[PDB]
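Enquirer: Quick one: the structure is below, questions incoming.
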Amino acid sequence: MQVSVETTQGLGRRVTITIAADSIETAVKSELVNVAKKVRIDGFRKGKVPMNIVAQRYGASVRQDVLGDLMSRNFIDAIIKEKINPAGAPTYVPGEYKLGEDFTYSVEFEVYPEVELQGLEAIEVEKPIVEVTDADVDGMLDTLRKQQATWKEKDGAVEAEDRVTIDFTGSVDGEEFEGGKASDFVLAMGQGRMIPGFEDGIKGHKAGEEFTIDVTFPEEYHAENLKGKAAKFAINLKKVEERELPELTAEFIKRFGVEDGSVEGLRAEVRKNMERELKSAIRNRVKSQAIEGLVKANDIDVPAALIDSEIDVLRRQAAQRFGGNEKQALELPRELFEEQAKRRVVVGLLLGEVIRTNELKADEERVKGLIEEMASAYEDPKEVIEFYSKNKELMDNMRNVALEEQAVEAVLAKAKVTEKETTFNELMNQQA
Amino acid sequence: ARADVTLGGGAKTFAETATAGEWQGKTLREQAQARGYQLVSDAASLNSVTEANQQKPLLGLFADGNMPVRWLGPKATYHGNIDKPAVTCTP
């Protein structure tokens, strides 16, 4: 077979495999002699009729069945000895198939380029040394009690995070709009629920006065013609309602799993659990910043096939979360996925090369290390590990994270890891 | 199909009314939250478990981890198919 290496699309190389009649008529005949044995007709076939008659004439139908066998096995054989590693998927352009003439087929497939790595030492990646200090423990428990607090109607004073009842009436931008009028209205202030500034109109007051404030709607508001407007509302201040914190009695605290009534056990619980989640969160934190700076400091063209693959995974995931559409997503606007997908494969090529050079792997002791730290933190490790190894969707995720961690940390060994000391609040103060 | 046009304007005039995200905590709705009350007593927390490290997942949607067996998400993968040699060819 005459094979080429026609580097047409740069990434796209064309190995035009020209299988001559010597390999055609033998490989077709390999199946034909097996058909006789498979149906046991070979026992009845005396061999009087030479195979050539039943190969070209009677086997003419079967020559079609051998086309895929020729295209598949002779391709994978060729590219290995030609030292050409493919990427994505190969496109077979079958020139012609005839007896006597050559089965010529131009297999156009994309390959990996020379992955340009630069400034990998110049990349400054932040390392937040986050932990659950006593400030974070008390803060955590207090927040839990405030979020699960029972609303107790009081009088006298508005606190910054209370639930205040008013009657407000007016117009937005001096024009009739809905939402600028609500009788017996109630506001859990200090909470991301209403305009910061609307609540502050009330917060500069006590119980049962009457006034009028101008609220400037934020540029954070997705409401296109409201964002940055000034509305005039006559706030009839009625009552206040305290977020009265619930109990922490034996039957309450055990219901969450903390079998001991001692609060120090729930403090210990917050420490061991939130750090179990935290190490994974800090790994993904330093990871995402490293990847951001890696690609921001580096450039590499991706094979279109790989971009198509990532886009397609995003289309399936999109349609699934949009309603549950089966393959309709193939029509979704490619440019919505194009940039981010290609960018994620740029990550895969840059990490691909630093991995290759530093001979990295899905480290068995790392996978298993994280499997023990995972499973032991639950009720029953046994069935979680059994379920895990069989849940290929998640067992994949375990290989992928281990490899991605080691991949990034090989770049961190090269990169300027700017380490800082900070509390568990750090991880939570990530809005935008 | 020809081309069914269903576009009912948009009505982005006064969007995100908000209403302070609150008008439920008024006696009636907290009964629906408290509807059940008694669940999982025991002397301990059901002693048929290997360990009580965290038998009941009290931890919610706090950044990453969460407790439910899934977590994580951001990956890259592929590279050059260097992955642990135990893979089903399933596209």
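Neighbour counts run over all protein chains shown; Cβ positions are idealised from the backbone, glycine included. Numbers and lists here come from the model and the stated rules, or from a named source; nothing here is a laboratory result.
Enquirer: Do you know which residues across region B:25-47 are surrounded by fewer than 17 Cβ atoms within 10 Å (Cβ to Cβ), facing chain A (nearest Cβ under 9 Å) and either in contact (Cβ under 8 Å) with a residue 24 or more places away in the chain or on the phi < 0 side of the Ramachandran plot (or both)?
Expert: Within region B:25-47, B:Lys26, B:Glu30, B:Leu39, B:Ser41, B:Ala44 qualify.
Enquirer: Taking A:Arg344 as the residue in question, decide whether it is among the charged types (D, E, K, R), within 19 Å of the chain's Cα centre (by Cα), within 7 Å of chain B (Cβ to nearest Cβ) and over 30 Å from B:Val49 (Cα atoms).
Expert: Considered against the rule, which asks whether it is among the charged types (D, E, K, R), within 19 Å of the chain's Cα centre (by Cα), within 7 Å of chain B (Cβ to nearest Cβ) and over 30 Å from B:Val49 (Cα atoms), A:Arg344 comes out as yes.
Enquirer: Of the numbered conditions (1) in a strand (DSSP E or B); (2) without any contact (Cβ under 8 Å) to a residue 24 or more places away in the chain; (3) crowded, with 16+ Cβ neighbours inside 10 Å, A:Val164 satisfies every one except a single condition; which is it?
Expert: Among (1) in a strand (DSSP E or B); (2) without any contact (Cβ under 8 Å) to a residue 24 or more places away in the chain; (3) crowded, with 16+ Cβ neighbours inside 10 Å, A:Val164 violates only (2).
Enquirer: Working only within region A:167-214, note down all residues that are exposed (fewer than 15 other Cβ atoms within 10 Å of the Cβ), under 41 Å from the mean Cα position of the chain (by Cα) and small (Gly, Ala, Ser).
Expert: Selection gives A:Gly192, A:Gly197.
Enquirer: So how many residues does region A:47-66 have that are part of a loop (DSSP other than H, G, I, E, B), of a type outside the set (A, V, I, L, M) and farther than 17 Å from A:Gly100 by Cα?
Expert: Qualifying residue count for the region: 3.
Enquirer: In the list A:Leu237, A:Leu278, A:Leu266, which residue meets the criterion of being aliphatic (A, V, I, L, M) and in the same structural domain as A:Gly179 (by CATH)? Step through it out loud before you land on a result.
Expert: On the way: A:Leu278 fails: in the same structural domain as A:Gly179 (by CATH); A:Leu266 fails: in the same structural domain as A:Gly179 (by CATH).
Exactly one of A:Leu237, A:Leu278, A:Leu266 is aliphatic (A, V, I, L, M) and in the same structural domain as A:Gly179 (by CATH), namely A:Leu237.
Enquirer: Among the residues of region A:84-130, count how many are hydrophobic (A, V, I, L, M, F, W, C), more than 30 Å from A:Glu292 (Cα to Cα) and in contact with a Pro (Cβ under 6 Å, 6 or more places away or on another chain).
Expert: Here the count works out to 1.
Enquirer: Quick check on my filter: what residues within region A:239-258 are surrounded by fewer than 18 Cβ atoms within 10 Å (Cβ to Cβ) and either in a loop (DSSP other than H, G, I, E, B) or within 9 Å of chain B (Cβ to nearest Cβ) (or both)?
Expert: The answer is A:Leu245, A:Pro246, A:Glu247, A:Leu248, A:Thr249, A:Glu251, A:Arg255, A:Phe256.
Enquirer: Taking region A:395-425, which residues are touching a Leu at 6+ places or on another chain (Cβ under 9 Å) and within 8 Å of chain B (Cβ to nearest Cβ)?
Expert: Of everything in region A:395-425, those that are touching a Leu at 6+ places or on another chain (Cβ under 9 Å) and within 8 Å of chain B (Cβ to nearest Cβ) turn out to be A:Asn397, A:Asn400, A:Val401, A:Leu403, A:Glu404, A:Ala407.
Enquirer: Let me ask another. Can B:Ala76 be described as facing chain A (nearest Cβ under 7 Å) and more than 22 Å from A:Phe387 (Cα to Cα)?
Expert: When the stated conditions are applied, B:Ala76 passes them.
Enquirer: Could you list all residues from region A:284-309 that are more than 9 Å from chain B (Cβ to nearest Cβ) and assigned to a helix (DSSP H, G or I)?
Expert: Taking region A:284-309 first, the residues more than 9 Å from chain B (Cβ to nearest Cβ) are A:286, A:289-290, A:292-305, A:307-308.
Correct list: A:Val286, A:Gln289, A:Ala290, A:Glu292, A:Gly293, A:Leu294, A:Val295, A:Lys296, A:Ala304, A:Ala305, A:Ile307, A:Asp308.
Enquirer: List pairs: first in region A:5-29 and outside the structural domain of A:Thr104 (by CATH), second basic (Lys, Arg), Cβ under 7 Å, 6+ apart or cross-chain?
Expert: none
Enquirer: Name the residue that is farthest from the other protein chains (Cβ to nearest Cβ), counting only residues in region A:321-341 that are among the polar types (S, T, N, Q) and either part of a loop (DSSP other than H, G, I, E, B) or over 18 Å from the mean Cα position of the chain (by Cα) (or both).
Expert: Only one residue tops the list, namely A:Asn325.
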